[PDB]
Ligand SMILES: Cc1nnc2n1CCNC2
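Given next, in structure tokens, is a single chain: the form solved without the ligand.
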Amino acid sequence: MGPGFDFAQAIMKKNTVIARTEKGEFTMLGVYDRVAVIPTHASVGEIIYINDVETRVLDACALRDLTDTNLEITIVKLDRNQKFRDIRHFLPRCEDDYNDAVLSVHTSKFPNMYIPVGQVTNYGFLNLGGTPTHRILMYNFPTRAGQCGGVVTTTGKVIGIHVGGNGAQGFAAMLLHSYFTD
């Protein structure tokens, strides 16, 4: 439904998996090799289910900024037998605002879901579920339970992962290229 829905669909088909923790199912974005991202409130353990396959977690790191503030992103290395397509070239280098974004979700209960959210604001600080959080993007769509881990894109950029909402607005944690230098 535009170059943006074409790009969102390409990212969902090749670079997402369904991740299940004790906290439910999440859209999980694969970034390169066996490295993926998920919201930190998924509470990733030693074992995770990936497309309903029991998978060992080789490493999991909840990112914080250099002020020691939550970013709500956990980077996970999976003991999976297959690598992701490398999409690090689609990650922005800096904090920014965006036009005409799409939020895309794929879980067992929420498959094949694409949401045009429009304008994305570099919001910055959010008290997210009582936790001070930085590098938040905001869009004016009444997102619900189900969309956590959803991927926010524009044409040719993967810009964030959905982490919350207040009934009127939705919030995503930024993805930056510098998080995934090996």
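Start at 1 with the first residue shown and count on from there.
Quick note: we don't show the form deposited with the ligand bound, though the next part is all about it.
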Q. Can all three of 100, 120 and 152 be found with a heavy atom no more than 4.5 Å from the ligand in the bound PDB entry?
A. no
Q. Residue 59 near the ligand in the bound PDB entry, any heavy atom under 4.5 Å?
A. yes
Q) What residues in 64-95 sit within 4.5 Å of the ligand in the bound PDB entry, counting heavy atoms only? A) 75, 77
